[PDB]
């Protein structure tokens, strides 16, 4: 088991990931119930500047990026962990 932020995110996503999609400036990341804030916290700890911000509900996370291009780059980075 690896402990850096990315590895913690990767690990957490193994159990928690449900879906990821994007539209325009935002990524919609769906998690297992009650896991949105947990995953949001790990994401916020990655410190990816391309991520303008994250807003987490209970099982859904919205990641806002400045541009569609930034959104894709962040989505791709997350996808890599899956």
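Residue numbers count along the first chain shown, from 1.
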query: Record-listed C-alpha B factor of residue 75: chain third; finding: middle
query: Chain-wide C-alpha B factor ranking for residue 11, given as lowest, middle or highest third; finding: middle
query: Relative C-alpha B-factor of residue 43, binned into the chain's lowest, middle or highest third; finding: highest
query: Residue 27 CA temperature factor, ranked by third within the chain; finding: lowest
query: Residue 36 - Cα temperature factor, lowest/middle/highest third of chain; finding: middle
